[PDB]
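Just so it is clear: in the first sequence, position 77 is 97 by the deposited numbering, and no numbers are missing.
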Amino acid sequence: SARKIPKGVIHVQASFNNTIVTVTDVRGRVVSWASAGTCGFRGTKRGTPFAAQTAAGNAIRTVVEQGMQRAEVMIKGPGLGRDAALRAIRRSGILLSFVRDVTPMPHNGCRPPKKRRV
RNA sequence: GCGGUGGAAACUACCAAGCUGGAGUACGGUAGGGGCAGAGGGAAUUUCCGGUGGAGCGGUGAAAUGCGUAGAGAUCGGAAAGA
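Rendered as structure tokens:
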């Protein structure tokens, strides 16, 4: 089990080739995580909006032991996995308070690597 | 062409004396990522230290090497580091 409080943050690591749908409490002990590599298929298929939908659905379908009402989602990063994930959470329709972005916006910190030339 | 000699004085040069628009300086402002030195800053990244949780994470045209049950990645806190 857990603390049994039905409010908790959801983080969506939407990568450029993957998604991770994790869900955790206010302190930060994770109650479940499920990614595109978690839900079966793996390779070039993972990181597509069907993987965001299935990974989000298989992520938050297992919080029915909690039955969280007051949801709040804190996504991160670029990729094709955001909008399908928000349509998945709104499909489950639980009390999504506010979604938000927490993406790392650097202030010219490190040099990003070589351009691809492909 | 060179030399001697007699004349001219506009121009270059010369002698002397003024002139100011050229150029500077004095003064008052004024704008500036001009330079150098000293302090201070916060994102981000990486690594380490803790709590969670458990199988992938990462990557690609598609894969693979890598890393991961010695608990990775993700998440929250704690430091430190250089750029």
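All C-beta atoms, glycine included, are put in the ideal place defined by N, C-alpha and C.
One or two residues paired with residue i in a DSSP bridge
i	result
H127	Partner(s): none; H127 has no beta bridge.
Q33	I40 and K96
CB-CB length for residue i against residue j, believed under 8 Å
i	j	result
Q89	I109	In fact, because the Cβ distance is near 13 Å, the residues do not count as touching under 8 Å.
Between the CA atoms of residue j and residue i - distance to the nearest angstrom
i	j	result
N38	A105	12 Å
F70	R107	11 Å
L116	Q86	15 Å
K24	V119	22 Å
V122	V32	10 Å
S55	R81	13 Å
residue 144	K27	Given that the chain is displayed from residue 21 to residue 138, the structure contains no residue 144 and the question cannot be resolved.
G77	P126	32 Å
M94	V41	10 Å
Three-way DSSP call (helix, strand, coil) for residue i in this model
i	result
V51	strand
Which listed residue (the options) has its alpha carbon closest to that of residue i
i	options	result
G99	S35, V84 and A79	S35
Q73	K65, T44 and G101	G101
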